[PDB]
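Notes to accompany the following structure.
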Amino acid sequence: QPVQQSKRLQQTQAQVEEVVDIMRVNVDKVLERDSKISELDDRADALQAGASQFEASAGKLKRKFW
Amino acid sequence: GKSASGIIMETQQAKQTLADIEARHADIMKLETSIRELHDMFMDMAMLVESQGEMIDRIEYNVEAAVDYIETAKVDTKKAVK
Amino acid sequence: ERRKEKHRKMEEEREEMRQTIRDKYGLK
Amino acid sequence: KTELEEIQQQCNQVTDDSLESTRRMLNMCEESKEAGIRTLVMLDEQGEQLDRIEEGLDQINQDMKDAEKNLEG
Amino acid sequence: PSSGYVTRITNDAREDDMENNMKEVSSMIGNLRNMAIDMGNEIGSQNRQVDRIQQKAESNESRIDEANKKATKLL
């Protein structure tokens, strides 16, 4: 149904508040994401080493005999 | 003499207009507070997503080796023959 | 543990920013 | 009078408060819009990296179940 | 408070001004919405997609390590 034309100020007022809520959700989600993206900078480096270990165990394994 | 009863209502109407005025004011001011808020949140997303940015840059360089290791040592396990 | 140090020492300040922000708007 | 004039002054300092309010509002929305751009731009390039991370940690799992030929010893 | 966002009390330019900023502040907000909805959806995606990175990068652990045990056994 048609536009809106009786209290355009309040209209924006309201129209602005909905956006505020859509953002409480986005800020929230960006938080769950800030934590997750923490366990990644860990396990990343925690695997950036898990390999830097499976390497020497080959450069030494190789170089040796087996 | 100079006005008397006239300047009497020239005020009654003033007090009204100022009442209409502060009225409109409060609406606008109310809108402006919600907007500061929408604004504050928008600015936080951009500083947040810009932080987790470095955590996706480093988390890069470090995986820019992680598998590169299980690669350099991927072949080294070929001595499954020797 | 040398690594798990910076790892938990970092997450800390990360939580200092999480709450400060989370409360600033009223979450949980 | 020092009755009607004071009122006419409040009438003008408040109207100026409003015009000033709309002005900041408008400024606040533009700043709000410049942050949404650069934000959406970051979430973009980063939503790309987050794919290589997965890509790399795909070859990691690839160059792995192969060394599972450790059925040597 | 409509038929124009700003109710003309004293017919100035002070309001004409307000009107134009209103017609514009409002005409820029339904705009911030799309952005709020966009990013909002992307946040969620990059999110659940970061978990996959997790689950998977966890098995890359029980490999780059558990299979490295054999690298300690053999040699």
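Labels for the structure tokens follow display order: chains A, B, ..., residues from 1 in each chain, ligands from 1.
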With a distance threshold of 8 Å and counting only C-alpha atoms, extract the residues of chain B near chain E and express them as an NGL selection string.
:B and (17 or 20-21 or 24 or 70)
Please dump the current selection as an mmCIF file, in the first residue's frame; keep C-alpha atoms.
```cif
data_model
loop_
_atom_site.group_PDB
_atom_site.id
_atom_site.type_symbol
_atom_site.label_atom_id
_atom_site.label_comp_id
_atom_site.auth_asym_id
_atom_site.auth_seq_id
_atom_site.Cartn_x
_atom_site.Cartn_y
_atom_site.Cartn_z
ATOM 1 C CA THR B 17 5.126 29.388 19.170
ATOM 2 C CA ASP B 20 5.330 24.480 19.231
ATOM 3 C CA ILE B 21 9.027 25.092 18.666
ATOM 4 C CA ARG B 24 9.385 19.957 17.161
ATOM 5 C CA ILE B 70 53.577 -30.591 5.045
#
```
Find the residues of chain D in contact range of chain A, meaning any atom within 10 Å when counting only C-alpha atoms, and list them as a PDB file with N, CA, C and O atoms, in the first residue's frame.
```
ATOM      1  N   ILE D  53      42.604 -19.801   2.990  1.00  0.00           N
ATOM      2  CA  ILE D  53      42.908 -20.456   4.250  1.00  0.00           C
ATOM      3  C   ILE D  53      42.331 -21.854   4.114  1.00  0.00           C
ATOM      4  O   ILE D  53      43.023 -22.838   4.342  1.00  0.00           O
ATOM      5  N   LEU D  57      44.369 -25.314   3.736  1.00  0.00           N
ATOM      6  CA  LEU D  57      44.084 -26.361   4.713  1.00  0.00           C
ATOM      7  C   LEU D  57      43.233 -27.448   4.040  1.00  0.00           C
ATOM      8  O   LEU D  57      42.490 -28.185   4.699  1.00  0.00           O
ATOM      9  N   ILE D  60      46.574 -29.377   2.742  1.00  0.00           N
ATOM     10  CA  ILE D  60      47.231 -29.857   3.952  1.00  0.00           C
ATOM     11  C   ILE D  60      46.681 -31.242   4.233  1.00  0.00           C
ATOM     12  O   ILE D  60      47.437 -32.178   4.465  1.00  0.00           O
ATOM     13  N   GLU D  72      54.450 -48.749   6.511  1.00  0.00           N
ATOM     14  CA  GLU D  72      55.782 -49.282   6.279  1.00  0.00           C
ATOM     15  C   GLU D  72      56.235 -50.048   7.525  1.00  0.00           C
ATOM     16  O   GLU D  72      56.252 -51.279   7.534  1.00  0.00           O
ATOM     17  N   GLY D  73      56.586 -49.305   8.572  1.00  0.00           N
ATOM     18  CA  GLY D  73      57.042 -49.911   9.811  1.00  0.00           C
ATOM     19  C   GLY D  73      56.183 -51.055  10.320  1.00  0.00           C
ATOM     20  O   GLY D  73      56.628 -51.865  11.141  1.00  0.00           O
TER      21      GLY D  73
END
```
Using only C-alpha atoms, I'd like a table of the residues in chain B that come within 12 Å of region 7-28 of chain C; for each, show the closest atom pair and its distance in Å rounded to one decimal, ordered by chain and ascending number, as CSV.
```
residue,atom,partner,partner_atom,distance
B:37,CA,C:25,CA,9.1
B:38,CA,C:25,CA,10.8
B:40,CA,C:25,CA,9.7
B:41,CA,C:25,CA,8.5
B:43,CA,C:21,CA,11.8
B:44,CA,C:21,CA,8.4
B:45,CA,C:21,CA,10.5
B:47,CA,C:17,CA,11.3
B:48,CA,C:17,CA,9.6
B:51,CA,C:14,CA,10.1
B:52,CA,C:14,CA,10.3
B:55,CA,C:10,CA,11.4
```
Please provide as a CSV table (one decimal) with N, CA and C atoms, in the first residue's frame all residues within 10 Å of residue 61 (chain B), with the sequence filter that same-chain residues fewer than 4 positions apart are discarded (counting only C-alpha atoms).
```
chain,number,residue,atom,x,y,z
A,44,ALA,N,46.1,-22.0,14.0
A,44,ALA,CA,46.9,-21.7,12.7
A,44,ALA,C,48.3,-21.9,13.1
A,45,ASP,N,48.8,-21.0,14.0
A,45,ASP,CA,50.2,-21.1,14.5
A,45,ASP,C,50.4,-22.4,15.2
A,48,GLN,N,51.0,-24.4,12.3
A,48,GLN,CA,52.1,-23.8,11.5
A,48,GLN,C,53.4,-24.4,12.2
B,56,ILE,N,43.5,-12.1,10.1
B,56,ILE,CA,43.3,-12.9,8.9
B,56,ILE,C,44.5,-12.6,7.9
B,57,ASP,N,45.3,-11.7,8.3
B,57,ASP,CA,46.5,-11.4,7.6
B,57,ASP,C,47.7,-12.3,8.1
B,65,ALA,N,52.7,-21.4,5.0
B,65,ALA,CA,53.9,-22.1,5.4
B,65,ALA,C,53.4,-23.4,6.0
B,66,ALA,N,52.4,-23.3,6.9
B,66,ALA,CA,51.8,-24.5,7.5
B,66,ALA,C,51.7,-25.7,6.5
D,53,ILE,N,42.6,-19.8,3.0
D,53,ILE,CA,42.9,-20.5,4.2
D,53,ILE,C,42.3,-21.9,4.1
```
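Counting from CA of residue 35 (chain B), the distance to CA of residue 37 (chain D) is 17.6 Å.
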What's the 10 Å shell around region 6-9 of chain A, counting only C-alpha atoms, without same-chain residues fewer than 2 positions away, as a ChimeraX atom specification?
/A:4,11-15 /B:24,27-28,31 /E:1-7,22-23,26
Show me, as CSV, the residues of chain B having an atom within 6 Å of chain D, each with the closest atom pair and its distance in Å, using only C-alpha atoms.
```
residue,atom,partner,partner_atom,distance
B:11,CA,D:4,CA,5.4
B:18,CA,D:11,CA,5.1
B:25,CA,D:18,CA,5.8
B:32,CA,D:25,CA,5.7
B:39,CA,D:32,CA,5.1
B:42,CA,D:32,CA,5.7
B:43,CA,D:35,CA,5.9
B:46,CA,D:39,CA,4.9
B:67,CA,D:60,CA,4.8
```
Can you spit out the residues from that selection as a PDB file, in the first residue's frame, using N, CA and C atoms?
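The result, written out as part-v4.pdb:
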```
ATOM      1  N   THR B  11       2.423  38.210  23.489  1.00  0.00           N
ATOM      2  CA  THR B  11       3.251  37.319  24.282  1.00  0.00           C
ATOM      3  C   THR B  11       2.557  35.971  24.383  1.00  0.00           C
ATOM      4  N   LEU B  18       6.796  29.267  20.947  1.00  0.00           N
ATOM      5  CA  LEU B  18       7.966  28.678  21.568  1.00  0.00           C
ATOM      6  C   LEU B  18       7.618  27.240  22.004  1.00  0.00           C
ATOM      7  N   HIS B  25      11.429  20.522  18.308  1.00  0.00           N
ATOM      8  CA  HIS B  25      12.797  20.308  18.727  1.00  0.00           C
ATOM      9  C   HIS B  25      13.049  18.921  19.289  1.00  0.00           C
ATOM     10  N   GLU B  32      17.996  12.494  16.464  1.00  0.00           N
ATOM     11  CA  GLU B  32      19.445  12.649  16.523  1.00  0.00           C
ATOM     12  C   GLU B  32      20.152  11.739  17.517  1.00  0.00           C
ATOM     13  N   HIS B  39      25.106   5.443  14.265  1.00  0.00           N
ATOM     14  CA  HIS B  39      26.443   5.875  13.877  1.00  0.00           C
ATOM     15  C   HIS B  39      27.509   5.162  14.695  1.00  0.00           C
ATOM     16  N   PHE B  42      27.929   1.584  13.540  1.00  0.00           N
ATOM     17  CA  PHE B  42      28.545   1.476  12.229  1.00  0.00           C
ATOM     18  C   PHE B  42      30.049   1.681  12.354  1.00  0.00           C
ATOM     19  N   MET B  43      30.458   2.634  13.176  1.00  0.00           N
ATOM     20  CA  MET B  43      31.873   2.902  13.344  1.00  0.00           C
ATOM     21  C   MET B  43      32.614   1.778  14.056  1.00  0.00           C
ATOM     22  N   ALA B  46      33.419  -1.266  11.568  1.00  0.00           N
ATOM     23  CA  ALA B  46      34.574  -0.936  10.744  1.00  0.00           C
ATOM     24  C   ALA B  46      35.912  -0.950  11.477  1.00  0.00           C
ATOM     25  N   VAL B  67      50.917 -25.513   5.460  1.00  0.00           N
ATOM     26  CA  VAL B  67      50.772 -26.595   4.496  1.00  0.00           C
ATOM     27  C   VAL B  67      52.034 -26.642   3.639  1.00  0.00           C
TER      28      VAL B  67
END
```
Pick from E:62, E:41, E:49, E:68: nearest to residue 36 (chain A), with only C-alpha atoms counted?
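Smallest separation from residue 36 (chain A) among the options: E:49.
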Contacts of residue 75 (chain E) at 9 Å (only C-alpha atoms; same-chain gap of 4+ positions) as a ChimeraX atom specification:
/A:57,60-61,64-66 /E:70-71
Mind the document's chain letters and residue numbers, and return as JSON, numbers by chain the residues of chain B that DSSP labels alpha helix (DSSP H).
{"B": [6, 7, 8, 9, 10, 11, 12, 13, 14, 15, 16, 17, 18, 19, 20, 21, 22, 23, 24, 25, 26, 27, 28, 29, 30, 31, 32, 33, 34, 35, 36, 37, 38, 39, 40, 41, 42, 43, 44, 45, 46, 47, 48, 51, 52, 53, 54, 55, 56, 57, 58, 59, 60, 61, 63, 64, 65, 66, 67, 68, 69, 70, 71, 72]}
Just checking: using only C-alpha atoms, which residue out of E:34, E:69, E:14, E:61 ends up closest to chain D?
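The answer is E:14, which sits nearest to chain D.
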